[PDB]
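Everything on this sheet refers to the single structure shown next.
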Amino acid sequence: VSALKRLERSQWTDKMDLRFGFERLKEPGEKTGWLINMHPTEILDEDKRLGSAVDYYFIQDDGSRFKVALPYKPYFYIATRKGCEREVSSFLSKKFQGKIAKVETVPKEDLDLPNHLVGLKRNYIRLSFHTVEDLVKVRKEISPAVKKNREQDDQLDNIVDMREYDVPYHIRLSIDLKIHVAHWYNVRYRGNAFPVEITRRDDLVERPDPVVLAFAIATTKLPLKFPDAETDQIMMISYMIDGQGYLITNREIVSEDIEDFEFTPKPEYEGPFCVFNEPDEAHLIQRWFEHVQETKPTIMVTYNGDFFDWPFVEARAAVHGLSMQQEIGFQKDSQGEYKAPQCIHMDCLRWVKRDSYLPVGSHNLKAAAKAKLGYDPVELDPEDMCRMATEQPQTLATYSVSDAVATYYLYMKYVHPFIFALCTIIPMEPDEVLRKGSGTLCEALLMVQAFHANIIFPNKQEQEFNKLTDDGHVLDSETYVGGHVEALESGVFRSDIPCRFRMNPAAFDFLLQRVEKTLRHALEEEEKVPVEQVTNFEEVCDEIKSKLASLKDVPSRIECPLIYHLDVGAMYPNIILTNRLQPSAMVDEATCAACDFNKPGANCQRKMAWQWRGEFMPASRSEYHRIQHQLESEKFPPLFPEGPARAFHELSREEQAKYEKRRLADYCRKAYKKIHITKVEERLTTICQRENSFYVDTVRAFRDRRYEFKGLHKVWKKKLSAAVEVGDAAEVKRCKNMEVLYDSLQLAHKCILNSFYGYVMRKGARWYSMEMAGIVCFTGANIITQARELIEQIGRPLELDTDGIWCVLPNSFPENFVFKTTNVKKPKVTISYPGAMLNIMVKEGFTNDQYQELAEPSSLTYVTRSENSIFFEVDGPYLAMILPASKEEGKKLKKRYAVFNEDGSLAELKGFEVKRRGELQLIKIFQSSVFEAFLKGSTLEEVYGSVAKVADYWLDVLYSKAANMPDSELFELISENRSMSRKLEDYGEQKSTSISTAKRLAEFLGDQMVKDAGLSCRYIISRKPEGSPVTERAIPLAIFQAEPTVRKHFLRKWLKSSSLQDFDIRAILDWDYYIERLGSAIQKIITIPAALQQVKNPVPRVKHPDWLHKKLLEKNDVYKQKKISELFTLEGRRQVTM
Amino acid sequence: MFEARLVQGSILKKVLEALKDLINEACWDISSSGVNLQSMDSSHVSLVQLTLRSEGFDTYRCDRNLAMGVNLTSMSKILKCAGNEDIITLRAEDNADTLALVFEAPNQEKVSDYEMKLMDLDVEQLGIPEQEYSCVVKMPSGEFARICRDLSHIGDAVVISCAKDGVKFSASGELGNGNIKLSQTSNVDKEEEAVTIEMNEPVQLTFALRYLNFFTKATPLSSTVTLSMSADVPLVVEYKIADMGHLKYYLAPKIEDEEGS
Amino acid sequence: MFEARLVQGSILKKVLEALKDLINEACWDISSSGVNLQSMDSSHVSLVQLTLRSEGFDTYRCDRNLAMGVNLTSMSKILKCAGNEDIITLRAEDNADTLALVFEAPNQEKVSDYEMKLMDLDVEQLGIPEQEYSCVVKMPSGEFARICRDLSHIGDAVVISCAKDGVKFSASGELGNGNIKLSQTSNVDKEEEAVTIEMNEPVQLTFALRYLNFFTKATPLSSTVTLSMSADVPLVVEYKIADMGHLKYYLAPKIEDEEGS
Amino acid sequence: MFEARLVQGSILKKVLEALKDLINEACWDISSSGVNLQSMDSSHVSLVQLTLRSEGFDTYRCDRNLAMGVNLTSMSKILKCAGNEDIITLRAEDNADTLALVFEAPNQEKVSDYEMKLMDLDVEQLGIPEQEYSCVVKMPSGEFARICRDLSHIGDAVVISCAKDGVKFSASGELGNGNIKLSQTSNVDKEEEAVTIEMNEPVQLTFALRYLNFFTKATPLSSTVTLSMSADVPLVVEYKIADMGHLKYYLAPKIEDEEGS
DNA sequence: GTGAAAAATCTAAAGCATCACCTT
DNA sequence: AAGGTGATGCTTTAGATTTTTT
Ligand code: SF4
């Protein structure tokens, strides 16, 4: 990019920010500010030298706003050999004359350095430039030349590692001088001769109300085709400033005039809209643009507008004598987004994508609106909305303003506080926490915390190629074996149903000698209350003995169970807190031997196991050396079309890796019948307990911060209830502001906490340690299998889902007990007993006695202590447990179940097909009906009978072929709604049903149907062209809305029946495949679990798999299986030699 | 050292291809009298027994009794390589972990000396004493093979009845039932194709039909078989192998228990 | 009651091999003139006619008109485990819901019985009028079967084109199209190898090729085949038997409507 | 143009049965000397050379050299239509992408035609050096095929040692191991089952068995197979296609470089 | 949005039973 | 003239891929 273009861009952005009312402070003075925006911008200094800076955009309480251009030189670090630090600086200071701002030495600790606690700091060479463009110039000059040197391993050759090179520059300013978003600042502008001064004002915390512009559109479209960007015109546009709403219509495509009207779904959201009507597009676009000019917003709000609304509006404006660049400031960038030079662009779909913890079944407007806001917006179909508006456009107006109000209030209630609480700790401007994934924001947070510890930061790791584990065996995938998820049984477990319980008296004898210990530990560690203040200890410690003895003498019973979700709220944060495991500390024996802290009988080692999984090629070292030496000097097609022939030795690593994988995908396809062999082995890791605590303490700090903020949220909620009972407006408003601030802070902290695990193993993450995830998930599996074996002793486990066990226990088991304590803080303390015994068993086997801490850094004082925060919270007695069973031999469904709360409401669905994507609508309303109808009944057979009286309805529908049920709702009853991931030419030779229907639409409509990503492929399978696979029968639903003779011609050329005379949907659809689909669903959910619980078959309309029925008839046969050993006498025992 | 050489070797091929199907693991046993097999199946439902006598072999040289638990599907797969008229020599050392098989081709030109390793396992050892068998019939092998392929398309439980009118093979199943009645021979001149009966009392028993399919893989081994049954005793299927020896398939019935009466 | 003694079993057995894939379940017709079947295809395209006359068999004994809804696949399984030279006795009852099969051997010592249940089935009956067909062509069974089962490698539908000079078995598809030409023979003595072309007018027709592959399953049952057609009528395929039975295939043509004009 | 007739159809189609699976792309080059195929699969370890001389064909006439870039898997689905003795006829034009196959019956009555299309391609033609062969063997196709499909069940990698006394085929794996020894025969009368080995120095190599399984699909084509090997030279499998042609498989051995020492 | 696991397809290969040929 | 034997279609099942839930 030419520097003249950069200067023109900088002066144009300065003028544009001036006309949006962010005037720059030029005079000396004090000001108060609240940062809402950071941008990187070139600002010319007093020396008339090209130089970057960051524009902060502050707003104030009264609505006045301004900007501050702070210059800070971009910089990074380079690593040199010991004794070769000053010479590198000497060389570097005579080879970029007029380019380097300065160079210096900033010593920092390392994370992977041996003998790191003796007192050494590997001093780095800090290099600082003037502008970001020169920074990119120098990195492209220097980084690959020595990066390849480091990968394969003149004074320039002695630099070993360019560190911290992928960081954004403005994020480095946000880390360095400690200016985060959404804090109050005191800014002193003392003139041009000195840089502007910024300080943090933490006394004031009340959040001001910014200026926000939400907007949504409607678009005219020709039928069956989504609207285009060169013939269509904006149908109308609606928008929102701070709750107030304005709509701008267009007369030539509306049918009558509409006046001002309001639309409120609930008293929380007020929807006052003022409507303006203009004859053509010119007045529409000019009025919208000038209203943006007069209002001067600071943050935009869209709803899936980054790929649909902004490109179409820009393309429509640029042809009508205008420009989005010179009018509003919106354009594409290097990442295919729309980033304003003076405004923050908020895409409310990204928050649903990342932070809402929702599946991908709820990203559209209606489901994401009803999932978080709490109301159902008006449904409108895009195909007939134009024709509907031509008759009367008031419902069109309702839909557009519903889009606007939904996206705006979805922002201001949930996305706005959560995002503005995320950026108080993450050094990102708001347009970065929303867009980037959970990995990058946690990376920046640890960036901050590790800059606070003065340690240099690891680079984003290089992707490993041609993986070599033991002997050849090039791995397609290298993985750690995750949480052991198992459903041990299947069927119903209801609270009042009787269940046969076998019980081991030895386990009850074991608990005889430990009730004293369990109820000692239940108060000495979980409530921090010593026993010297409670006096009811003998009452509980003979009541439990009496109850457990009453259970002991009859260890085989039939009575009602209690269902418990014995789990940990956040086990993955809790283990990484407890064991002091660090992704910068897991080391092998050689580096520990290099340490001078390897004293005899040391405690700085901690051992742990984990399970490693590999899917690898059957080929050996020779069979891969042959194909890599063979591919030496042969031509390949270039990536650029119409290019010259290019050879192997200058290929990029990605394309050559893909070609090697493709070659070995068919070399061994005809030599060993398989492409990868699944291998699971054991590995052992040794972990230092004295490495930088920048991670475990950070997790701990956020854990106790979440606890504290939850306590403040509770007391502020009680204050808010008292305040709304009072009715004084100012104190209610202040309390509500503080309440939402603290709630968003705690929700942001827990969203950080849950994703500390998920960041470590990510490709391109600075702290990439496979061992972290491996050993933490192995420990989380070992603790839960200890829990599962103890429960299998004293009851019945039902589910293990790598967070906790689900359990049915006898009803006379000791469940929970109270305690009268004389302490003023805790006059009464209640605690559950199964949780307590789980705590004591995990502090009999998981005590980190080597949990190490620092006391005196100067004298190297190290203190060992014991603490286990691993607690099995109980969720009380639920009402019902549902597990499904599989058709396949032996195995059954995992990670999917359905639990109910006490009052009959649905507590939690999980992993089921009711709310999946890519599933038919017949197998979802079915599941939702049968689960809510399931809980009825008296005994075990009554439940299955009652649920068969509702699951047989959806067989009566399909056998009758929907005669009385109107065909109007038939069309969406079957239609598939799967979504694509790539383009059709990206798939290449791969074939499936979605690719087939996309290619059918490719030869039915234009090629532009399938060019855009995320296409919603819709298809059903017909009946007449039998014999073929179901690939060629995937006809679209799109044809049924087209012109009739077009349907006839395409149907003739597609399903190949020229003699056909009837074209009804009721006969073209083969009902046998749909009956098969619903039957596989009903035998996943009901039939097989019913058979597995010795119950007569509830629904006889579907048949079992052959392994089930045969065994059933055998067990109900007059003859009984008689073996040979019990039948007839024995001889003895023997063994066989070598 | 244990070396056993036999001239016509299709017999040892077929007898052990009939051993692969029924059981997964067997207990090879060697002694002066002959080769013994007394290993049960993995389901602990049916039993196989082999006594391959030494006097039939062309050459036999054995040291003492020794038991080794060689798997059977592996020996059957490697033994399929041999031709239908090969000369078979089993060789085992005194304390080695590998046994060898020598196949000598009918052309007197091709030699094929293979070997396989051993593995250890834990299997019950059982001994069958002598009980009077009330009903014994002599069945041609191909006729019994058509019987087992004929009843098994009906169900999985077989009635093996022996009455004055003869022998009855029945089976019930989801598509109905099947009844096959056979009478003894009176005026036939040949023995390998005839059927003979002998009885003490009428016998009314039922057995597992799948395991009969597992049994009857030794049909072309020899054209005759002994079917023996009595009250509450395991069914005896005695397939004799030439002058070599014999095999007993022991099929434990699933005896009716008094529950509803 | 109903008794049906049939000496040569193949003329029943192979027939089931020609039906189990084409019609999964059908209604049977019997009479004193033999057995008549009008079976309708599963996918509702084709029809199959079987007329096995009474004196072509060995013995029948019937009282009145009976219709048995015997499912094809299970009775095909029952006959799958029989003998070729086996003599078969079919037994049926007026009111009972079972059908009996008796297998007996020329050696007199191999007799078996089977019982198969029946279920009620509703199949409509169509009366095809008798029309003078323009094209009647005679080919041997083997060449017609091979040409169908090897031209189905080309495409998915066939076009037959008959004139004075011969018939044209063309078929088009993704890999290309293939046409098959037949000449005339005058120096042949044995009637199976003899190919002749009978003309009334040149005829153009198009037919389902997959159905031609499914049609050529009764080719071991016969030795010669006659294909007949006329103007806009379904193809009729006849596998004439030696005065024991008679076979008809009705393949409704997929006529080309004028949609491009 | 190009019109070709060959009375012996089998000698063509079985040839292409050897090429249905191993290679899926064909680049025919035709000249006055005959027709030539030089293909090499995407595995980059297997080469096929197929030459049919002009004089072997019954009638041969060609105008100029042509390049025929047509996939080879397609017509293996197409040349199984013709019978055994059925005469093969090839029709090709100067620059038409359409090839015509005609199957002329030996009774001059049953003819046919199919048409095939070619694609575009860019395939490098690798030269074949003429080097001396250390060990050669002329040995029956049936016995080699039996050796291959018998050792394909034991292991997957084969050790072939062509010594002076004969040849050893060793197969090792998890199922066990086994080696088979063949020697040269001297007192043999007929040459369709005789063996003969020539020696310069003993060659022992390690090969692949699935490639050998794909090679020996054409065992009914010829009764003699010429295997030639040397030190780090690919196996040459030569089939003498009647008298006209030779099919040559070139297989690069899996030479294990020293890494463990 | 880790990893484990599910649903739903092609798909390619092993094993098997059945039929054509051939020799004893 | 019939049973061994090989070719070959039929049948079942592991598995390669995608989307999605967790
Ligand atoms: S655990 Fe001890 S020996 Fe190992 S790296 Fe840490 S301080 Fe050094």
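Within each chain, counting starts at residue 1; across the structure tokens, chains are named A, B, ... in the order shown, with ligands numbered 1 upward in that order.
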
Within 7 Å of ligand 1, counting only C-alpha atoms (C1' of nucleotides) and all ligand atoms, which protein or nucleic acid residues do you find, written as a PDB file with N, CA, C and O atoms, in the first residue's frame?
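Full text of out.pdb as output:
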ATOM      1  N   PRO A 114      14.966 -24.521  31.129  1.00  0.00           N
ATOM      2  CA  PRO A 114      15.460 -25.326  32.252  1.00  0.00           C
ATOM      3  C   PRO A 114      16.026 -24.450  33.360  1.00  0.00           C
ATOM      4  O   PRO A 114      16.256 -23.253  33.169  1.00  0.00           O
ATOM      5  N   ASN A 115      16.217 -25.075  34.533  1.00  0.00           N
ATOM      6  CA  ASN A 115      16.687 -24.502  35.802  1.00  0.00           C
ATOM      7  C   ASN A 115      16.215 -23.063  36.005  1.00  0.00           C
ATOM      8  O   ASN A 115      16.979 -22.187  36.418  1.00  0.00           O
ATOM      9  N   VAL A 587       6.886 -31.464  31.711  1.00  0.00           N
ATOM     10  CA  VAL A 587       8.217 -31.653  31.159  1.00  0.00           C
ATOM     11  C   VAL A 587       8.613 -33.116  31.305  1.00  0.00           C
ATOM     12  O   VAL A 587       8.005 -33.879  32.055  1.00  0.00           O
ATOM     13  N   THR A 591      14.868 -32.401  31.150  1.00  0.00           N
ATOM     14  CA  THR A 591      14.844 -31.014  31.605  1.00  0.00           C
ATOM     15  C   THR A 591      14.811 -30.930  33.125  1.00  0.00           C
ATOM     16  O   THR A 591      15.385 -30.006  33.714  1.00  0.00           O
ATOM     17  N   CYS A 592      14.132 -31.875  33.778  1.00  0.00           N
ATOM     18  CA  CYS A 592      14.165 -31.929  35.233  1.00  0.00           C
ATOM     19  C   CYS A 592      15.564 -32.251  35.738  1.00  0.00           C
ATOM     20  O   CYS A 592      16.011 -31.693  36.746  1.00  0.00           O
ATOM     21  N   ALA A 593      16.272 -33.151  35.051  1.00  0.00           N
ATOM     22  CA  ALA A 593      17.657 -33.428  35.408  1.00  0.00           C
ATOM     23  C   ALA A 593      18.548 -32.216  35.171  1.00  0.00           C
ATOM     24  O   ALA A 593      19.539 -32.028  35.885  1.00  0.00           O
ATOM     25  N   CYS A 595      17.644 -29.211  35.763  1.00  0.00           N
ATOM     26  CA  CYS A 595      17.433 -28.360  36.924  1.00  0.00           C
ATOM     27  C   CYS A 595      18.378 -28.753  38.055  1.00  0.00           C
ATOM     28  O   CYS A 595      18.695 -29.928  38.252  1.00  0.00           O
ATOM     29  N   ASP A 596      18.827 -27.748  38.805  1.00  0.00           N
ATOM     30  CA  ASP A 596      19.597 -27.974  40.017  1.00  0.00           C
ATOM     31  C   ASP A 596      18.707 -28.162  41.245  1.00  0.00           C
ATOM     32  O   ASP A 596      19.198 -28.092  42.378  1.00  0.00           O
ATOM     33  N   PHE A 597      17.412 -28.400  41.039  1.00  0.00           N
ATOM     34  CA  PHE A 597      16.463 -28.642  42.116  1.00  0.00           C
ATOM     35  C   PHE A 597      16.082 -30.112  42.228  1.00  0.00           C
ATOM     36  O   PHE A 597      15.067 -30.441  42.852  1.00  0.00           O
ATOM     37  N   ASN A 598      16.868 -31.003  41.627  1.00  0.00           N
ATOM     38  CA  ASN A 598      16.591 -32.440  41.663  1.00  0.00           C
ATOM     39  C   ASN A 598      17.208 -33.074  42.912  1.00  0.00           C
ATOM     40  O   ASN A 598      18.075 -33.944  42.848  1.00  0.00           O
ATOM     41  N   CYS A 604       8.819 -31.930  43.709  1.00  0.00           N
ATOM     42  CA  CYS A 604       8.472 -31.106  42.561  1.00  0.00           C
ATOM     43  C   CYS A 604       8.032 -31.919  41.350  1.00  0.00           C
ATOM     44  O   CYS A 604       7.438 -31.348  40.432  1.00  0.00           O
ATOM     45  N   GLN A 605       8.281 -33.224  41.328  1.00  0.00           N
ATOM     46  CA  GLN A 605       7.639 -34.096  40.354  1.00  0.00           C
ATOM     47  C   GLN A 605       6.224 -34.431  40.808  1.00  0.00           C
ATOM     48  O   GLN A 605       5.979 -34.634  42.001  1.00  0.00           O
ATOM     49  N   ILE A 687       4.960 -33.583  36.040  1.00  0.00           N
ATOM     50  CA  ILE A 687       4.585 -32.176  36.039  1.00  0.00           C
ATOM     51  C   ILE A 687       5.319 -31.482  37.175  1.00  0.00           C
ATOM     52  O   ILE A 687       5.277 -31.943  38.325  1.00  0.00           O
ATOM     53  N   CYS A 688       6.009 -30.396  36.848  1.00  0.00           N
ATOM     54  CA  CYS A 688       6.622 -29.564  37.869  1.00  0.00           C
ATOM     55  C   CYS A 688       5.550 -28.765  38.587  1.00  0.00           C
ATOM     56  O   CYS A 688       4.544 -28.373  37.990  1.00  0.00           O
ATOM     57  N   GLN A 689       5.761 -28.534  39.879  1.00  0.00           N
ATOM     58  CA  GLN A 689       4.823 -27.765  40.686  1.00  0.00           C
ATOM     59  C   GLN A 689       5.380 -26.406  41.088  1.00  0.00           C
ATOM     60  O   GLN A 689       4.908 -25.821  42.068  1.00  0.00           O
ATOM     61  N   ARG A 690       6.394 -25.924  40.363  1.00  0.00           N
ATOM     62  CA  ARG A 690       7.047 -24.643  40.742  1.00  0.00           C
ATOM     63  C   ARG A 690       7.232 -23.755  39.501  1.00  0.00           C
ATOM     64  O   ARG A 690       7.961 -22.743  39.603  1.00  0.00           O
ATOM     65  N   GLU A 691       6.597 -24.115  38.383  1.00  0.00           N
ATOM     66  CA  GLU A 691       6.680 -23.281  37.153  1.00  0.00           C
ATOM     67  C   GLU A 691       5.772 -22.052  37.333  1.00  0.00           C
ATOM     68  O   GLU A 691       4.979 -22.042  38.297  1.00  0.00           O
TER      69      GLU A 691
END

With a cut-off of 12 Å and counting only C-alpha atoms (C1' of nucleotides), select all residues of chain F in contact with chain B and give the selection as a short mmCIF file (atom, residue, chain, number, x, y, z; two decimals) with N, CA and C atoms (P, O5', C5', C4', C3', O3' and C1' of nucleotides), in the first residue's frame.
data_model
loop_
_atom_site.label_atom_id
_atom_site.label_comp_id
_atom_site.auth_asym_id
_atom_site.auth_seq_id
_atom_site.Cartn_x
_atom_site.Cartn_y
_atom_site.Cartn_z
P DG F 3 -22.90 -87.56 -6.11
"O5'" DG F 3 -21.59 -86.94 -5.44
"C5'" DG F 3 -20.42 -87.74 -5.29
"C4'" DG F 3 -19.16 -86.96 -5.66
"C3'" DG F 3 -18.93 -85.66 -4.87
"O3'" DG F 3 -17.54 -85.51 -4.62
"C1'" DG F 3 -18.97 -85.18 -7.17
P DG F 4 -17.02 -84.56 -3.43
"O5'" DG F 4 -15.83 -83.73 -4.11
"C5'" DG F 4 -14.68 -84.42 -4.59
"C4'" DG F 4 -13.95 -83.62 -5.67
"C3'" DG F 4 -13.49 -82.23 -5.26
"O3'" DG F 4 -12.23 -81.97 -5.85
"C1'" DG F 4 -14.90 -82.06 -7.14
P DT F 5 -11.23 -80.89 -5.20
"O5'" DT F 5 -11.18 -79.73 -6.31
"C5'" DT F 5 -11.58 -80.01 -7.64
"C4'" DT F 5 -11.79 -78.72 -8.40
"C3'" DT F 5 -11.56 -77.45 -7.57
"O3'" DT F 5 -10.99 -76.45 -8.39
"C1'" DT F 5 -13.72 -77.42 -8.43
#

- [ ] Dump as a ChimeraX atom specification the residues of chain A that approach chain F to within 12 Å, counting only C-alpha atoms (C1' of nucleotides).
- [x] /A:357-361,483,485,665,669,673-677,801-803,888,894-897,909-919,977-982,987,990-995

Open item on the list: If DSSP is run on the backbone, what residues of segment 22-223 of chain C are helix (DSSP H, G or I)? A reply as a PyMOL selection string would be ideal.
Closed with: chain C and resi 72-80+141-151+209-215

Next, write the just-selected residues to a file, as a short mmCIF file (atom, residue, chain, number, x, y, z; two decimals), in the first residue's frame, keeping N, CA, C and O atoms as the atom set.
data_model
loop_
_atom_site.label_atom_id
_atom_site.label_comp_id
_atom_site.auth_asym_id
_atom_site.auth_seq_id
_atom_site.Cartn_x
_atom_site.Cartn_y
_atom_site.Cartn_z
N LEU C 72 -44.07 -65.89 -1.38
CA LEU C 72 -43.12 -66.54 -2.28
C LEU C 72 -41.78 -66.84 -1.64
O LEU C 72 -41.19 -67.88 -1.93
N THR C 73 -41.28 -65.96 -0.77
CA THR C 73 -39.91 -66.10 -0.29
C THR C 73 -39.76 -67.27 0.69
O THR C 73 -38.76 -67.99 0.63
N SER C 74 -40.74 -67.50 1.56
CA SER C 74 -40.59 -68.58 2.53
C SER C 74 -40.74 -69.95 1.88
O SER C 74 -39.98 -70.87 2.19
N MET C 75 -41.70 -70.09 0.97
CA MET C 75 -41.82 -71.37 0.27
C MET C 75 -40.66 -71.56 -0.69
O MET C 75 -40.24 -72.70 -0.94
N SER C 76 -40.08 -70.47 -1.19
CA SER C 76 -38.83 -70.57 -1.94
C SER C 76 -37.71 -71.11 -1.05
O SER C 76 -36.91 -71.93 -1.49
N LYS C 77 -37.64 -70.65 0.20
CA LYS C 77 -36.68 -71.21 1.14
C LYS C 77 -36.93 -72.69 1.38
O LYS C 77 -35.98 -73.48 1.48
N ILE C 78 -38.20 -73.08 1.48
CA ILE C 78 -38.53 -74.49 1.72
C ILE C 78 -38.07 -75.36 0.55
O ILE C 78 -37.46 -76.41 0.74
N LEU C 79 -38.35 -74.93 -0.68
CA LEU C 79 -37.89 -75.69 -1.84
C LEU C 79 -36.40 -75.56 -2.11
O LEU C 79 -35.85 -76.37 -2.86
N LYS C 80 -35.74 -74.56 -1.52
CA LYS C 80 -34.31 -74.36 -1.73
C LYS C 80 -33.48 -75.51 -1.18
O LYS C 80 -32.36 -75.74 -1.66
N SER C 141 -32.87 -69.66 -25.18
CA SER C 141 -32.89 -69.06 -23.86
C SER C 141 -31.53 -68.46 -23.49
O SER C 141 -31.46 -67.36 -22.93
N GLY C 142 -30.45 -69.18 -23.80
CA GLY C 142 -29.13 -68.75 -23.35
C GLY C 142 -28.68 -67.44 -23.96
O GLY C 142 -28.21 -66.55 -23.25
N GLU C 143 -28.83 -67.29 -25.28
CA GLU C 143 -28.39 -66.06 -25.94
C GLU C 143 -29.26 -64.87 -25.54
O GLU C 143 -28.75 -63.77 -25.35
N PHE C 144 -30.57 -65.07 -25.40
CA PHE C 144 -31.44 -63.99 -24.95
C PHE C 144 -31.10 -63.56 -23.53
O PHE C 144 -31.04 -62.36 -23.22
N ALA C 145 -30.86 -64.54 -22.64
CA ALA C 145 -30.49 -64.22 -21.27
C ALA C 145 -29.16 -63.48 -21.22
O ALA C 145 -29.03 -62.48 -20.50
N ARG C 146 -28.16 -63.95 -21.97
CA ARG C 146 -26.87 -63.29 -21.96
C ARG C 146 -26.95 -61.90 -22.58
O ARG C 146 -26.30 -60.97 -22.09
N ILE C 147 -27.74 -61.73 -23.63
CA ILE C 147 -27.80 -60.42 -24.27
C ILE C 147 -28.51 -59.42 -23.35
O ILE C 147 -28.08 -58.27 -23.25
N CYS C 148 -29.53 -59.86 -22.61
CA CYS C 148 -30.15 -58.96 -21.64
C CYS C 148 -29.20 -58.64 -20.50
O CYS C 148 -28.97 -57.46 -20.18
N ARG C 149 -28.60 -59.67 -19.89
CA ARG C 149 -27.76 -59.48 -18.71
C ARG C 149 -26.40 -58.87 -19.03
O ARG C 149 -25.66 -58.54 -18.11
N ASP C 150 -26.06 -58.72 -20.31
CA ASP C 150 -24.83 -58.04 -20.69
C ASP C 150 -25.06 -56.73 -21.42
O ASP C 150 -24.13 -55.92 -21.50
N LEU C 151 -26.27 -56.48 -21.94
CA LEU C 151 -26.60 -55.17 -22.45
C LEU C 151 -27.13 -54.27 -21.35
O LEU C 151 -27.12 -53.04 -21.50
N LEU C 209 -35.28 -51.95 -19.04
CA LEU C 209 -34.17 -52.88 -19.18
C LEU C 209 -33.90 -53.66 -17.90
O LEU C 209 -33.52 -54.83 -17.97
N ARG C 210 -34.07 -53.03 -16.73
CA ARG C 210 -33.91 -53.75 -15.47
C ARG C 210 -34.91 -54.90 -15.37
O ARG C 210 -34.58 -55.98 -14.86
N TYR C 211 -36.13 -54.67 -15.86
CA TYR C 211 -37.11 -55.74 -15.90
C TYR C 211 -36.70 -56.85 -16.85
O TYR C 211 -37.08 -58.01 -16.65
N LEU C 212 -35.92 -56.55 -17.89
CA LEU C 212 -35.39 -57.62 -18.73
C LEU C 212 -34.37 -58.46 -17.98
O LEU C 212 -34.30 -59.68 -18.19
N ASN C 213 -33.56 -57.84 -17.13
CA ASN C 213 -32.64 -58.61 -16.30
C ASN C 213 -33.40 -59.48 -15.31
O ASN C 213 -33.03 -60.64 -15.09
N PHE C 214 -34.45 -58.95 -14.69
CA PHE C 214 -35.24 -59.75 -13.76
C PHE C 214 -36.05 -60.82 -14.48
O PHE C 214 -36.43 -61.82 -13.87
N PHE C 215 -36.32 -60.62 -15.77
CA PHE C 215 -37.09 -61.59 -16.53
C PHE C 215 -36.28 -62.85 -16.80
O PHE C 215 -36.83 -63.96 -16.81
#

Any chance you could tabulate, as CSV, the residues of chain C at most 7 Å from chain A with each one's nearest atom pair and distance in Å to one decimal, using only C-alpha atoms, in chain and rising number order?
residue,atom,partner,partner_atom,distance
C:254,CA,A:1059,CA,5.5
C:255,CA,A:1059,CA,6.2
C:256,CA,A:1058,CA,6.3
C:257,CA,A:1058,CA,6.7

TODO: Give as JSON, numbers by chain every residue of chain B that touches chain C within 12 Å, counting only C-alpha atoms.
DONE: {"B": [139, 140, 142, 143, 144, 145, 146, 147, 148, 149, 150, 151, 152, 153, 154, 155, 166, 167, 168, 169, 170, 171, 172, 173, 174, 175, 176, 177, 178, 179, 180, 181, 182, 183, 184, 185, 186, 187, 188, 193, 194, 195, 196]}
